[PDB]
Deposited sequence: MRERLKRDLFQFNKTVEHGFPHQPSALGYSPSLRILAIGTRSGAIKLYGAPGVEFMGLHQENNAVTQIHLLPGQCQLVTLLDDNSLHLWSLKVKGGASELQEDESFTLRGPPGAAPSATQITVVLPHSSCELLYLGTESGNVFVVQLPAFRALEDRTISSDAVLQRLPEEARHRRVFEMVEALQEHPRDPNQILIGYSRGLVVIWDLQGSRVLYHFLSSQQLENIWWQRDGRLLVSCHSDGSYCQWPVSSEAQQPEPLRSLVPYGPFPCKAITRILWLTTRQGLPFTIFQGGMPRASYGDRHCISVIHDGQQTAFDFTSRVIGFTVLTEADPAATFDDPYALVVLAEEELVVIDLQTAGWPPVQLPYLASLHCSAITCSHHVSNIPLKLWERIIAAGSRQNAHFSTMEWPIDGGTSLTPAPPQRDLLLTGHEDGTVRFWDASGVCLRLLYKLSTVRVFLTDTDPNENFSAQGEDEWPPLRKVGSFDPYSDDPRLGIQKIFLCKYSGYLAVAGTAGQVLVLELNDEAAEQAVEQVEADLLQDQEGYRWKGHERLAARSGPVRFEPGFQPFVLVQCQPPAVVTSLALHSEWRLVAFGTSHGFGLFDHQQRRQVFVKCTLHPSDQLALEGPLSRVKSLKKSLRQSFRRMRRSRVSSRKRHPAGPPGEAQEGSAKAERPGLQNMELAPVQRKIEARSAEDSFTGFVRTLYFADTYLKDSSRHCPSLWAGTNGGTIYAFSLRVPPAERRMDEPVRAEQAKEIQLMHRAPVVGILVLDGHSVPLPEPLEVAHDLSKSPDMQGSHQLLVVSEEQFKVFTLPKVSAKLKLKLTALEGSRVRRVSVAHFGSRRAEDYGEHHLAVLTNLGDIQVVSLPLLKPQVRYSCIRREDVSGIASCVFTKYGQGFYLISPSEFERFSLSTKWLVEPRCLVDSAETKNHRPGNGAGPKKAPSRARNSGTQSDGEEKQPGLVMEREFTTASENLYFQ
């Protein structure tokens, strides 16, 4: 009751399927819209807002009103929505105030009022809406009263033009609609066919116009408003002077920025001024159709320097952060924020070389496909500061610029403990995330692949997302990190097992290789496809961080399915689809292997090891406890091997010798998803070196131990060493649910329980050792098999699961580790 509680929290990572980018230069807050109707506001680390439109429709445009805590969104159904940041109870929240849909006359065409450009007037009193017909409608905010009196019709503009500039297309689409930077009375209107016009609002007269030789794509207005830069569908951009003395000019300077060959269109362009007199020219597209046409590029030109920033995904919006306010003399940019379809990129425009800016949030967790995730709770400070130190040297090429999107004040207090989330990926990388309280930022990246062996246009790949799968054999399957010693054990898809060690400096060392033939005592089989990797024979140099020292290749090179790493005994247990083996990573010697293949297996088998578990309990003698290894398979078989490890003073002088002690078969023959041994007080045996750092955690050896077996169908408790049954809990026979994952959870005095994730998406808690159902929740849905398979628990009642390939959703079952992210946006 007063210690169990499940509530939704926040989400981590890059939003799934974005479609709109917004940014308030005053508030310094980034806004992202998705194809599911969600808008996410991002400010300083800890300041985040999320909203949902009641209709499931993609967000196409986001316009944060100038100098106000409001924004206007446009969905693909031509709907407008006014959102605000109401401060309710010392902390601001996001809410949708009003809504409006542009209609048009009844008998009119539906696309005639399809909004193309939304112009928030500087007064924050009017919205100027460009449509596909060419008409610009005026909407007054709030109340959203479409003022039909102020409508600027298409032919109403053409009547002020000479006769030779009146050739109008049926749908003269408004592709440009901007306000004069120094005159709120003048607005610019841009049509597709090439007509650009400056309009006198209070007077209804055309003050300036020119026809474009090429189709109009976009335009940009200089700070003083005395020059226009238009980009066109032929891949060219030209400059136009704006002066009341010459209301009808010809272009000042035209060029196609990339080669004399045909080019793709330039969809957008910016003309930013600097105090040094060197303007920034930033345009998207314009790449040649000849070869570089299928590439998403954004080019920046400044002081004789050109760089075509190329992204691995579509560009669904970009902006440039400037030091200027609407009243400043010069723009002076310093950052280029690009919201790609799969990632977010920030480029430092001030530092010479234009280096990437490190992201404090919005990091694309799926830059490589996530294959596994492992959570380690409460990291000691000596290892914590060591990982953040080794992870700082690898981020040297990044900019020294502080995160520019610092808008807002996070009210969430500091995290209680240092939690750590690890993610294995398909390309062989492991990433260390700071899942302490809420914010999930990257600390260190590990690349395991190291064990296995033009000039124009100025293209330059940026971002970390790789949309290709070079080799799936590199995929990380199992991850184990000892927070006390720094030993890391990772397992791959091709049957590789790497045991790494964390040191502070670099090293050039050879990685010893040991073949673990799981089929040594059985012959008559031959592997078919997915052959093993190829390790470097020579001594490989490694950067500071987790350096590997031993490699164990399983034969056959099947996927590793279970992993256990005992740091004190210096043993690592690995298991594949056919068998398992115990390895002595201190002497780099194979202790034993056992082929578990049933005489008649499948074409998943029965001898498929699923769980590995080290323990120091009583197996044979009732009064002598010795190290042991436990292995559970799909056939309900539970193996137990008595281990004899030497003391630390002779660990390098005697081999570790094992001997099978028990073979237990559950009579319902359900797969074993968890083995666990309890001490005299029914407390689970502590992890390796957990007692070494807190000797009061020494397990009760006086008093009979208990064996806890968790299968896919039921829970059974035994009594060591005689392993006689004493308790049962047939969950599948009752609720009709099967156990997907189980984990010991310590809630808060504080006693231990069993956290169970069923295949239904529910999560139940079970007491120890009586196995009494304490509570039952509903985290994931039943149809969400993708997310329920990649769901991870923590020691203290917290969890993570994937709502999309890119986003983790966090949840907490404990009342003591609740976190409600509060933040404040002011002025």
### Query
Do you know which deposited regions have no coordinates at all?
1-6, 460-473, 624-696, 842-847, 927-979
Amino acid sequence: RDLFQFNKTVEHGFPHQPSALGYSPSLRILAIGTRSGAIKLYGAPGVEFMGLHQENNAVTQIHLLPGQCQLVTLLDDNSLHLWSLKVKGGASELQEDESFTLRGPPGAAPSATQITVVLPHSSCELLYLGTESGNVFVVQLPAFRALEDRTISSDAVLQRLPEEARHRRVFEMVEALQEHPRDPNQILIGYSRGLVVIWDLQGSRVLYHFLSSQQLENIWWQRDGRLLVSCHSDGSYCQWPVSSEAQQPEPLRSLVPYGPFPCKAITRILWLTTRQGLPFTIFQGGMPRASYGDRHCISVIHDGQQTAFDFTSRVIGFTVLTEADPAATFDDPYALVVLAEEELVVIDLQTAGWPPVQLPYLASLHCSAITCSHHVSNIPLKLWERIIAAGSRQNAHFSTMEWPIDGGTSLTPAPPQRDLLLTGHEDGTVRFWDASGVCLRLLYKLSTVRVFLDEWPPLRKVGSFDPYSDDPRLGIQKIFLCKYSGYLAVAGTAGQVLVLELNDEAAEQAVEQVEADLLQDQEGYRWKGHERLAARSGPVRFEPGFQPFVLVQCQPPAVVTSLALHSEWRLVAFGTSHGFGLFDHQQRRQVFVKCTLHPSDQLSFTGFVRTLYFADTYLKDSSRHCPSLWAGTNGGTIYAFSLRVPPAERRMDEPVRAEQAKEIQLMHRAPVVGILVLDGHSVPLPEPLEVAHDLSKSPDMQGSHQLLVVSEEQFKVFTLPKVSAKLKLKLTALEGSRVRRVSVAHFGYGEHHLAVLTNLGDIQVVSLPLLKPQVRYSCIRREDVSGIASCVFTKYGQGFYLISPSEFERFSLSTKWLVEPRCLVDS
From here on, numbers count along this sequence of modelled residues.
## Note on the structure
Per the PDB entry, mean CA B-factor is higher for 577-585 or 674-682, namely for 577-585
## Note on the structure
Ranked by mean Cα B-factor in the entry, 777-785 and 797-805, top stretch is 777-785
### Task
Compare the CA B factors listed in the entry for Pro415, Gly304, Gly203, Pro257 and report the winner.
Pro415
### Query
Between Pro120, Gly748, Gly437, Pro404, which one tops the list for C-alpha B-factor in the PDB entry?
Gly437
### Query
So where's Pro326 on the chain's Cα temperature factor ranking, which third?
middle
### Query
Going by what the PDB entry lists, where does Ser24 fall on CA B-factor within its chain: lowest, middle or highest third?
lowest
### Message
Which third, lowest, middle or highest, does the C-alpha temperature factor of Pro288 belong to within its own chain?
### Response
middle
### Task
Grab the CA temperature factor for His53 from the record and place it in the lowest, middle or highest third of its chain.
middle
### Query
Once the chain's modelled residues are ordered by C-alpha B factor and cut into thirds, is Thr596 in the lowest, middle or highest one?
highest
